[PDB]
Every structure is written in C-alpha cells, then in structure tokens.
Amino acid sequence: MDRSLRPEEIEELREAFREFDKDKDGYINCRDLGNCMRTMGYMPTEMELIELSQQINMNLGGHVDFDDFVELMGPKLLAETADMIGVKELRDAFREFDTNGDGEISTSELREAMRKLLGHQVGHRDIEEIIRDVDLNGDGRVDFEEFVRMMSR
C-alpha cells in the first residue's frame, strides 16, 4: 500500500470486517460489499464492487480472513478523499498535525506528522519542498483549507 495503516485505521477495517463477515453467507453480494466499505468511509463504484466481489467470491472462494480483507480494503481506505471523509474527521486529522492547536501547521509540526505517517524521519529538504507545494498564501505555515487540499484531487 501507499503507506502503513494507522491503529485507528486498523480499527476502522476491523469494524468493516465484522459487518462483511456477518453478511457473508458463503458468498457476498454487491449491496453488502458496498455497504461495509461505507462503514469505513469509502464510496465505491459499481465497477469496483464487481471486481471486488468476483475476487472474494471466486478466487478466495468466500474464505477471507482479516489479512486478506486488509489487502483488499486497505488501499481503498487510504484512497479516501476529503469529500468521503466528512468535515468533523478532516477537522480531527488536522488536529493531529496541529499539535499545539493554534490552527496552523508549523514546519516542525509537519515534520512530526509526516514521520508518524510514513513511519520514518523525513529530510529537511523534503519538508521544505512540501510547504512550497502546499501553501497557497505564501506564509510558510499550513492552515485547514491548505491541508484539506493536500488530501483533495
């Protein structure tokens, strides 16, 4: 996957998984598959549902353990955009970067959040890169609108 799943995300998937597994009586249909992807904040397309349901229903033959489930659904959860997430959760994400709660993400606050997300330290040069990429109003910090875009296509 693009990056490692956070503990809160593993719990989101665990919850999706219980729903998936209750629903699954041998096989899984698209209404069900779709709904428990929604349980984890992701709106699938019917194309996606057909692919996924065929994988689950033919290849694994209905035997999906949590590990299988995370291989399939992991990427989708990581791929959620701003408009699926909702405001309160975006707010929360932002919070987590804005450790001092002053409504602005400082370049060292970015550094820590990036370290925690990617699971390794990020270079001085790279973090400077990110800011210039991200800051619309050219004040060297990251605010909420700025941060939302960072997760918007």
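Numbers follow the displayed sequence, beginning with 1.
In this entry, 101-109 has the higher mean Cα B-factor, the comparison being between 101-109 and 37-45.
For the two regions 91-99 and 49-57, the entry's Cα B-factors average higher over 91-99. In this PDB entry, residue 122 carries a Cα temperature factor that places it within the middle third of its chain's modelled residues. Ranked by C-alpha B-factor against the other modelled residues of its chain, residue 139 falls in the highest third. Per-chain ranking of the deposited C-alpha B factor places residue 21 in the highest third. Sorting the modelled residues of the chain by their CA temperature factor places residue 12 in the lowest third.
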